[PDB]
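Working notes, beginning with the structure itself.
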Amino acid sequence: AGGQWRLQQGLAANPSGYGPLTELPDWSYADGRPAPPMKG
Amino acid sequence: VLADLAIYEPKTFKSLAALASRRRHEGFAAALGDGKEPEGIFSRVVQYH
Amino acid sequence: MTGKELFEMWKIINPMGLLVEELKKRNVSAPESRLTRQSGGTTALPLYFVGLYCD
Amino acid sequence: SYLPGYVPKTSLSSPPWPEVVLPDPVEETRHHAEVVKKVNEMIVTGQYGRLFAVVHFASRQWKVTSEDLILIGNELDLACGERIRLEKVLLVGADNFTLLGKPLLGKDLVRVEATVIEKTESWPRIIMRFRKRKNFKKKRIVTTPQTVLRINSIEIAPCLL
Amino acid sequence: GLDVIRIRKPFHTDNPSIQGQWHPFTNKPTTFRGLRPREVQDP
Amino acid sequence: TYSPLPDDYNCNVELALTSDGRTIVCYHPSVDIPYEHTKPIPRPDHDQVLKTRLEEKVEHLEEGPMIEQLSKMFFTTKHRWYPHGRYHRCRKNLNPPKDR
Amino acid sequence: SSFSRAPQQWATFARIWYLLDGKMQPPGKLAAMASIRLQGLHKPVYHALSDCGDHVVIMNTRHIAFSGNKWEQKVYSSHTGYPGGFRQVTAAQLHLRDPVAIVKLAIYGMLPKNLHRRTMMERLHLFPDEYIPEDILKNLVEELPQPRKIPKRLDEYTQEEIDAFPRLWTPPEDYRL
RNA sequence: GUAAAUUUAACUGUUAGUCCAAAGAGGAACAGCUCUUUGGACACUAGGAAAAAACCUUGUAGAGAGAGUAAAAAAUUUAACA
């Protein structure tokens with residue numbers, strides 16, 4: 001759903017493509033230390 | 001998640017339904033408009049770079 | 001006590017009696033019972049919702 | 001006595017759906033500020049009980065709350081007991097209010113922390129393809145690495161305004 | 001130390017609902033005097 | 001004014017975007033049932049020289065009539081009321097896993 | 001909601017009684033609504049293995065309205081099982097013989113083709129003409145809206161509405177009519 | 001644009017063609033029929049077309065209680081004034 005609308009906004013057709021939802025880190029250490037980059 | 005919300009968070013799900021209904025109405029108004037008018041408040045899309 | 005409902009740990013009898021006493025201490029009026037919802041009342045599997053009203 | 005585009009009322013004269021008039025943008029913008037302020041005061045005064053949130057973790061969305069367990073389907077390069085922050089919160093909800101990200105809520109607004117309590121592997125998963133041979137002795141078994149996370153806490157900060 | 005066997009759900013919660021679990025009356029409006037369909041007040 | 005949905009059931013929904021426009025705020029307090037929309041609790045319900053007798057209202061009924069009574073009372077078919085053999089009875093797990 | 005576990009489970013899976021009026025309604029549209037309610041497909045807790053169907057009560061089944069010529073054209077066929085036992089009757093013929101047959105068959109076809117179907121039919125209560133047993137009337141919880149909007153007859157139009165509509169043409173004053 | 005090709009040293013097995021589209025040549029401008037040619041599919045997967053070797057989508061290597069898609073639902077009721 002919403003693939004064509006997302007393309008109209010310049011986003012990836014799939015929400016799992018490029019953008020903060022996928023590329024940003026999933027987690028970080030509770031003290032604030034950044035996690036290692038994810039494999040994907 | 002939406003199915004889980006419908007069962008365990010009915011108030012939150014009604015809000016999501018209200019939000020979807022509002023956005024649907026904004027789409028209807030825009031379709032009638034020629035584009036001269038401004039876009040709906042909820043229609044506005046946040047951009048990322 | 002994670003996940004446990006209060007009365008599962010604290011066993012009470014006649015909750016309505018305890019409720020009336022606690023409302024009195026708070027000066028609230030005695031609760032009135034009414035039928036908020038009802039379904040299949042004349043069946044083996046009925047459902048009833050009872051609401052307590054103060055004033 | 002009629003406009004040039006006047007049509008006598010009939011079944012098909014106008015659309016069947018009821019006409020909807022949306023609020024005036026200027027007036028609605030003022031109302032939105034009042035609602036955001038009201039909800040902000042509830043957060044400031046702690047007028048909420050248990051909170052739940054939707055987090056995006058390991059390509060997945062989890063409807064979680066405090067003390068919950070989630071079984072992640074892979075290893076996480078963390079020792080057991082390590083406390084992490086789940087940084088992708090799509091939604092945080094309370095009894096009386098819900099905050100929605102577009103698509104993710106800001107880190108300032110909501111903090112979700114979890115702990116690794118177990119690192120293990122799944123039960124053996126049989127893989128069997130019916131190729132043109134004696135299949136039984138050719139069954140493959142795979143076990144997938146898993147991580148159990150406990151949701152310690154969900155905290156919202158008064159930063160809506 | 002728990003048995004390494006099939007786990008039915010990849011999540012466990014003791015508090016699944018914050019706003020109240022859905023029931024058939026969750027989204028039904030109430031009616032004046034709780035009258036039923038085709039019921040007559042002042043019988 | 002304008003409401004996306006009716007507000008007479010479940011909760012009253014107020015939708016508001018934040019000034020930055022990156023967050024949607026929903027205020028949804030519960031809608032308490034009005035006292036008027038409720039019914040009063042239904043009140044439940046001689047030469048008797050001899051004591052009242054607790055006569056047993058337990059009447060024997062044959063399998064066919066008994067199943068017909070059970071099926072009508074619970075609005076089911078007759079099949080579920082028949083027994084099954086030992087093979088299926090013993091197969092059933094009497095210590096099933098329980099989640100909360 | 002802070003209910004006790006057993007009461008909470010009872011409320012969530014409780015059976016609801018729905019009332020449906022069949023006057024001047026097409027059977028299929030009545031059947032489509034009844035099918036969903038009889039299966040529990042209208043509940044967010046729906047699962048096929050959960051027996052979450054609801055009760056559906058349909059009145060005025062004798063006053064259903066078929067669109068088109070389905071009264072004559074629509075044929076219901078059955079076979080007794082004996083040589084020459086094939087019987088074919090029209091919807092009109094079946095309706096006179098059994099006022100609830102048409103709605104019942106329409107619902108039966110829509111329900112899933114599995115062993116749960118006959119159980120779902122037990123929760124279907126079809127009544128020909130506005131009479132419902134008192135016991136069933138006391139169960140009723142909600143009345144579902146009629147799927148088809150019944151058009152008003154010419155006589156049923158109020159004078160204000162008749163005046164509000166314009167006179168499109170000028171009839172010749174010398175015409176007999 | 002691509003990454004394969006030839007040669008040398010050894011060696012083994014498969015190969016009795018079905019349908020679809022196209023062009024011919026024989027039958028009857030029949031056959032799920034005869035012959036040849038071009039391409040495709042079928043002994044490698046899956047989705048769809050009612051069931052479905054041959055049509056369409058898609059290629060095939062695992063786990064997921066995530067997501068975007070592909071093919072993918074048949075239409076139609078047939079005049080006249082004196």
Side-chain angles (χ1 to χ4, degrees), chain A residues 1-24 26-27 38-40, chain B residues 1-9, chain D residues 52-65 68-77 86-91 101-104 118-135 138-149 151, chain E residues 4-13 16, chain F residues 97 99-100, chain G residues 28 32 44-50 67-70 72-74 109-110 112-113 172 175-176:
Chain A
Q4 293 307 294
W5 179 90
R6 287 191 194 87
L7 288 177
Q8 281 159 18
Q9 322 305 308
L11 311 167
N14 191 320
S16 80
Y18 62 77
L21 188 55
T22 299
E23 299 190 53
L24 288 180
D26 274 7
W27 61 273
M38 298 180 71
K39 317 272 194 145
Chain B
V1 159
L2 287 180
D4 289 9
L5 288 175
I7 294 160
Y8 296 107
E9 313 297 349
Chain D
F52 69 91
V54 172
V55 294
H56 174 93
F57 194 84
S59 65
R60 192 145 282 104
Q61 298 186 27
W62 310 83
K63 197 280 208 175
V64 295
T65 184
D68 287 8
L69 295 180
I70 57 170
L71 180 60
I72 306 299
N74 56 260
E75 194 195 6
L76 278 183
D77 188 2
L86 308 185
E87 298 188 308
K88 305 170 141 175
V89 184
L90 285 76
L91 174 159
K102 292 170 55 65
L104 293 174
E118 179 181 12
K119 300 160 65 75
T120 178
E121 78 196 286
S122 81
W123 68 299
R125 321 295 312 281
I126 299 165
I127 296 150
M128 174 83 95
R129 288 97 191 266
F130 195 75
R131 294 154 59 187
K132 296 179 180 179
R133 292 209 81 172
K134 295 179 65 189
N135 302 114
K138 304 181 173 65
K139 83 154 180 177
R140 188 188 165 193
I141 288 200
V142 294
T143 56
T144 64
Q146 303 170 314
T147 313
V148 177
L149 289 172
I151 306 297
Chain E
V4 176
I5 59 168
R6 187 180 69 88
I7 293 171
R8 299 193 170 197
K9 322 198 194 187
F11 40 76
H12 163 78
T13 184
Chain F
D99 187 55
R100 75 166 179 279
Chain G
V45 304
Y46 168 81
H47 196 277
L49 285 185
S50 310
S67 89
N69 284 100
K70 293 166 184 174
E72 297 77 45
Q73 290 192 318
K74 194 173 194 186
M110 289 175 187
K113 314 294 176 152
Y175 202 74
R176 194 208 228 180

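In what follows, chains carry the letters A, B, and so on, assigned in the order in which the sequence lines appear, proteins first and then strands, with residues in each chain numbered from 1.
- Contacts of E/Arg8 with the nucleic acid, taken as non-hydrogen atoms under 4.0 Å apart, include base atoms.
- RNA chain H is contacted by both D/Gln61 and A/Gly3; D/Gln61 maps to the nucleotide lying nearer its 5′ end (nearest heavy atom per residue).
- Residue D/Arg129 places at least one side-chain N or O under 4.0 Å from the OP1 or OP2 atom of H/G62.
- In terms of modelled atom types and a separation under 3.5 Å, the side chain of D/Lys139 and the main chain of D/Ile126 share no donor-acceptor contact.
- Here, H/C55 and H/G40 have their P atoms 12 Å apart, quoted to the whole Å.
- Inter-residue side-chain proximity for D/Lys63 and B/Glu9 is flagged as met; some heavy-atom pair is nearer than 4.5 Å.
- Taken together, H/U69 and H/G32 fail the test for a Watson-Crick or G-U wobble pair, since the two needed distances are not both under 3.5 Å.
- At the phosphate of H/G64, OP1 or OP2 sits under 4.0 Å from a side-chain N or O atom of D/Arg125.
- Under the Watson-Crick or G-U wobble criterion, with both distances below 3.5 Å, H/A21 is paired with H/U38.
- Using the sign of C1'-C2'-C3'-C4' as the criterion, H/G59 falls on the north side of the pucker cycle.
- Nearest to the side chain of A/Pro15, among H/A61, H/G68, H/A65, sits H/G68.
- Across all strands shown, A/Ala1 has heavy atoms under 4.0 Å from sugar-phosphate atoms exclusively, and none from any base.
- Distance alone, capped at 3.5 Å, places no donor-acceptor pair between the D/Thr147 side chain and the D/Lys119 backbone.
- The base of H/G64 has none of its N or O atoms less than 3.5 Å from a complementary donor or acceptor on the side chain of D/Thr144.
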